[PDB]
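As a plain string of letters, each chain reads:
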Amino acid sequence: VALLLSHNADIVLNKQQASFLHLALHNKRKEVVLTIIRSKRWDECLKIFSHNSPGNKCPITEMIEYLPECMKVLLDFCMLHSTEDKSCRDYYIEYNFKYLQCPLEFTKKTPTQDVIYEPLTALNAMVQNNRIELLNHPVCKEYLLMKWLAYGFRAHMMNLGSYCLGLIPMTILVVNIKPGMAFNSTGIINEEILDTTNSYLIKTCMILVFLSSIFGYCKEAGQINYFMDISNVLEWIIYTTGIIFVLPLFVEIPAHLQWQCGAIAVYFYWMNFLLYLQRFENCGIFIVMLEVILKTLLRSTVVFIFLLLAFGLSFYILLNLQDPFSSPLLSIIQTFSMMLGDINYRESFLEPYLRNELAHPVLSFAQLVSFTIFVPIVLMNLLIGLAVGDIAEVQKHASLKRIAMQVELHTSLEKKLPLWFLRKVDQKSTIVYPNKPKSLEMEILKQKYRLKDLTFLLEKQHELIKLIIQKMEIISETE
Amino acid sequence: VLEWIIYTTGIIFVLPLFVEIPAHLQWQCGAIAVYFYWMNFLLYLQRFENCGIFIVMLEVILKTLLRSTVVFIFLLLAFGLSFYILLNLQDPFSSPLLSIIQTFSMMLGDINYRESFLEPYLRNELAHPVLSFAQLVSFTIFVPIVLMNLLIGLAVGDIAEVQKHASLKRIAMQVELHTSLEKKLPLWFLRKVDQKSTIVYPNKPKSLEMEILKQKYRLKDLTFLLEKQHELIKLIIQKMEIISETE
Ligand SMILES: O=P(O)(O)O[C@H]1[C@@H](OP(=O)(O)O)[C@@H](OP(=O)(O)O)[C@@H](OP(=O)(O)O)[C@@H](OP(=O)(O)O)[C@H]1OP(=O)(O)O
Ligand SMILES: Cn1c(=O)c2c(ncn2CC(=O)Nc2nc(-c3ccc(N=[N+]=N)cc3)cs2)n(C)c1=O
Ligand SMILES: Cn1c(=O)c2c(ncn2CC(=O)Nc2nc(-c3ccc(N=[N+]=N)cc3)cs2)n(C)c1=O
Ligand SMILES: *[C@@H]1O[C@H](CO)[C@@H](O[C@@H]2O[C@H](CO)[C@@H](O)[C@H](O)[C@H]2NC(C)=O)[C@H](O)[C@H]1NC(C)=O
Ligand SMILES: *[C@@H]1O[C@H](CO)[C@@H](O)[C@H](O)[C@H]1NC(C)=O
Ligand SMILES: [Ca+2]
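About the thresholds
- Residues numbered from 1 in each chain as written, not as in the entry; some residues may be left out.
- Chains lettered and ligands numbered in written order.
- Part of a larger assembly, values for the part shown.
- Heavy atoms only, no water.
- Residues with missing side-chain atoms left out of burial classes, pairs and counts.
- UniProt positions renumbered as here; feature names shortened; annotations may be inferred.
- Helix = DSSP H or I, 4+ residues; strand = E, 2+ residues; numbered from the N terminus.
- Near = heavy atom within 4 Å.
- Polar contact = N/O pair within 3.5 Å; in protein donor to acceptor, adjacent residues only side chain to side chain.
- Areas by Shrake-Rupley, 256 points an atom, 1.4 Å probe, with all protein chains shown as cover.
- Nonpolar A, V, L, I, M, F, W, Y, C, P; charged D, E, K, R; others polar.
- Axes fitted to C-alpha atoms, helices over the stretch in contact; angles between N-to-C directions.
- Parallel < 35°, antiparallel > 145°, perpendicular 65-115°, else oblique.
- Contact = heavy atoms within 4.5 Å.
- Patch = residues over 30% accessible without salt bridge, like charges linked within 9 Å, V, L, I, M, F, W, Y side chains within 5 Å.
- Salt bridge = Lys/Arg side-chain N within 4 Å of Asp/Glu carboxyl O.

- As summarised from the PDB record, the model derives from cryo-EM at a stated resolution of 2.64 Å.

- As annotated in the PDB entry, chain B carries the name Transient receptor potential cation channel subfamily A member 1 and comes from Homo sapiens.
- For this entry, the PDB title field holds "Cryo-EM structure of the human TRPA1 ion channel in complex with the antagonist 3-60, conformation 2".

- Identification of chain A as Transient receptor potential cation channel subfamily A member 1 from Homo sapiens is taken from the PDB entry.

Here it is, written out as structure tokens:
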């Protein structure tokens, strides 16, 4: 290949629109690909491919899919150094994002009749093939950081601000008025006396909550699969209760209803804030873990809610004269509370027994032992083991999942921004001053390929030897 | 930071050696000094080899725990601010900050079901009974069960990861200790105390990868030899005599 390139050989496609680079990639010929890369004419070799072909795509995507160790060299070619002296301050590193851009750029014609390329093509190709060693290369890291500081940080701080604009005045209202009291824009109704100090803050916060609820209703009606999501339910509850909490801005309302809606609003607000936090990378793996553990716990209540029924309905009969067990529902809630080890042995079992107030002493003490064995020991250890397994499974894929979240974030953001804006904020390179403020499988695969080549050569040799025997001269050693 | 705090508070604890001082300030500085002294002693202990791996484990677990408070401090806010509204007539929940501290204390399973929920309910002293009992169930599920099991699983993973490299890390600590000590002692002293040999009387008071690598090398040598042989055979064919079997 090097000899044929040194002479001016043409670079064309065939009947399958495959160039020689596609054939070298599909057969995992590493050395010829490295030769094509290290040489001149690499630019035209890269440009020669053609769209519209579902089998022979852009050379970069194919190189990511088949020979990632060559893509690593291709990326190493994109880091330039200045003085090559780590101590110097004018020593800067320049990163070039030449091969991560859209394939529709390489071709000069670019018809794009039916060709639609998704944003961040190279990074998505790396994610869909688990090329974690490539996603950690400094060029890709700087590419993602550039995208972030270019528009992602801003597009998400706007969302956080739009939510906090209703989240913060709610909390300010709660911790500044005594629960149970009625209040309107004029002040606090002390039943009638009217406390009027701090009325300005109260009015401002009541207006900011109202506007946020209205805009949330409008946005959600604009989005209206919908009822299936959980965020939709949470936000519907938040807006419906927050609009009632501050309703005395227009029409009177009983204080009881007002504060019983405030108690739900102020809880679901801060519970929904975690779904906003799950975007950022330093603190979004904990939300994944929390969700996994919560799902695993909820899938087992369909089973381990009959243990509670058994024990609660038996304790309702055995200990019926005591207040905690004086009703079926109260007796089931007390048994749920005893699940962590708070059994009240001395208050519910020993002291009534020494007063001759247990109707069934032997059964009551046998139920205590069987409950202690079954629920605070066996069931809790089962849950702990399940959680340990789930967290290990999540940690096994932490880095790839963390990077894929960011890639998907920016990919989704690209499909909604206007074209001219992306043109304006996009960059082609970056400059950095440092001073200023799975292996064993690959090995055995390679040696399998080597063994197959060995077999092929040995068979050719065998044929040659048989030819020798059938052509030679035999005179003195004839039979 | 630890040593700055220690010295600044220890100098105030014993200041009446020169200038008078109120007893309140003296003992409130002593309470901080006597705590940070014994907390800083562990950083001295972490050098010795029989007991320095536990400090590594402690540090790893503590860092992992502190990286998640930026998240799981909003669960506490949610539950504390809702309990402040639902159970406002009770002393433990009579203020936002007290209500957030009580919720932090309930995280280990000390919920006070009978004292805060059942007995006020049987006296008709709960303002919102159904909501108060629903919050109890959701809290019990979310925090003493899910969050604590999450923390336990994280700790198990971290400790396994630390134990995987225990021996190498243990030896590297000693090597680095002595290396750093060598760069500061005087030359003649190192000459004086260094030895060249030692005498001991006993009586007196990752493999699979290496294997496949070796066999890869063997396979490459085999290929090379086979190619040389192929060339020799082609030479034989192009030099031999052919007379009776000619076409
Ligand atoms: O032609 P090279 O780039 O030098 O690489 C090949 C070989 O390539 P494969 O991995 O495709 O079999 C290995 O290269 P690396 O994996 O190390 O990159 C090998 O490695 P070992 O020597 O460790 O066995 C050795 O390359 P290198 O000497 O750079 O390590 C060898 O080439 P040579 O045996 O002719 O040096
Ligand atoms: C999504 N993502 C990153 O997060 C990221 C990144 N490159 C660096 N970061 C670091 C980072 O976490 N940055 C930021 N964290 C916050 C933040 C943290 C806690 C909060 N809790 N509160 N209140 C609220 C906001 C704001 S900016 N890239 C490429 C990216 O895609
Ligand atoms: C750092 N190191 C070793 O530790 C070591 C060693 N060879 C043997 N040792 C054993 C050892 O632990 N020795 C010692 N342990 C203490 C000690 C223990 C507990 C204390 N707690 N208190 N109070 C205080 C001091 C004193 S001497 N080599 C080569 C080394 O480099
Ligand atoms: C906010 O609530 C206060 C308290 O009820 C309202 O003030 C009362 O208004 C009525 C009607 O004018 C008077 O008869 C009462 O005497 C007022 N109360 C007091 C204590 O003076 C006030 O109108 C409410 N504000 C709004 C906008 O509805
Ligand atoms: C006004 O509020 C105080 C407590 O804030 C209360 O003691 C007093 O009874 C209230 N006044 C009336 C008329 O209810
Ligand atoms: Ca929504």
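Remarks on the UniProt feature "coiled-coil region" in chain A
Logical step 1: When the UniProt feature table is mapped onto this chain, "coiled-coil region" is found at residues 442–471 of chain A.
Logical step 2: The span residues 442–471 of chain A shows a helical share of 100% and a strand share of 0%, and its end C-alpha atoms are spaced 45 Å apart.

Details of the site of ligand 2
Residue and element names in this part refer to chain A.
Logical step 1: Every residue near ligand 2 is listed here: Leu144, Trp148, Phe153, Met157, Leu277, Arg279, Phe280, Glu281, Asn282, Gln406 and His410.
Logical step 2: The side chain of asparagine 282 places a nitrogen or oxygen atom 2.2 Å from an oxygen atom of ligand 2.
Logical step 3: Relative to its free-state accessible area of 640 Å², ligand 2 is covered by the protein chains to the extent of 70%.
Logical step 4: Looking at the shell around ligand 2 residue by residue, the classes come out as 6 nonpolar, 3 polar and 2 charged.

Some remarks on the packing of helix α5 (residues 59–66) of chain A against helix α6 (residues 68–76) of chain A
All names here are of chain A.
Logical step 1: Axis separation between α5 and α6 bottoms out at 6 Å; the angle between their running directions is 125 degrees. Regarding the angle of α5 to α6, the classification is oblique. Seen from α5, the contacting residues are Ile60, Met63, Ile64 and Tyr66; seen from α6, they are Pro68, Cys70, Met71 and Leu74.

Observations concerning a nonpolar patch on the surface
Residues and elements named next belong to chain B.
Logical step 1: On the surface, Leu2, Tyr7, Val34, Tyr35, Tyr37, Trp38, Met39, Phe41, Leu43 and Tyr44 cluster together into a nonpolar patch covering about 1,100 Å² of accessible area.
Logical step 2: For the nonpolar patch, the elements supplying multiple residues, two or more each, are α1 (2–13) and α2 (23–45).
Logical step 3: Of the residues forming the nonpolar patch, the biggest block, 8 residues, is contributed by α2.

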